[PDB]
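In the text below, chain A, chain B and the rest are named by the order of the sequence lines, each starting its count at 1.
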2 protein chains.
Amino acid sequence: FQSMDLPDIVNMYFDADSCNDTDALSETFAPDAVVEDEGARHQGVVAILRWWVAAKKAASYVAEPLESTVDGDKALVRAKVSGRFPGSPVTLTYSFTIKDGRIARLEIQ
Amino acid sequence: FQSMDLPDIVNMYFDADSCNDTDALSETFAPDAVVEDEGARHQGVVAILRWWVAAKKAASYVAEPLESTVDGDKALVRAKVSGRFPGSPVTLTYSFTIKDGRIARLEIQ
């Protein structure tokens, strides 16, 4: 696996996540976007930013993409998640839906 | 290949390089450290910072570690370098020498 395997926009998500870059992260999602993570659903870019800020304070995590497959408007990324949280590190699937050069949806499972 | 395959300190180098993080980068090298790159030698943390800043302006590059092997105090990392420069992208070997949880030397070839 290699970065270049990812759609530019998914790559921008992880760079921003990894560099704690709020601006870049905010510009990554559609205005109407949804994130489902940790038993919950966050709709709209405001809720998504709230969600991303809390998860950083809660665990100071690193998400590292390990492999990927792109199927249509969907991109599926396995990522090693590592940090201050019970059971660390754990491997997760990030399923991204891309509408119009932005992220419309992201399910973390 | 995976981040955890790298010594913590080598990983700090690439995270900082990647996030344009000058503080973190400066604290990565020994005071007496040397970087050899692009036909030239930079000694001391001041020269190293100068070198890192000019290269970022020159090419806005991304260095992405692809694989690694550790042998003794030495760590050898193949990295895909990508950017605004002739012949991009190119694969390079970063040879790091580690003395006391810092980098004493880095040769890029």
Fill in: Pairwise distance CG(A/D15) to SG(B/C19) - rounded to 0.5 angstrom
7.5 Å

Discussion item. Tell me every residue that passes ring pair (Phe, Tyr, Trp, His ring centres under 6.0 Å) with B/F14, counting only those two or more places apart in sequence or in another chain.
Written reply: B/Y94, B/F96

Practice prompt. Would you give the length of the straight line joining atom OG of A/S3 to atom NZ of B/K80, rounded to the nearest 0.5 angstrom?
Written response: 6.0 Å

Practice prompt. Flag yes if A/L76 and A/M4 sit in one hydrophobic cluster, no otherwise; membership is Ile, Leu, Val, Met, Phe, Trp, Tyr, and two members link when side-chain heavy atoms are under 4.5 Å apart.
Written response: no

Worksheet entry | chain B-proximal positions within residues 57-66 of chain A [heavy-atom distance under 4.5 Å] | A/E64, A/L66

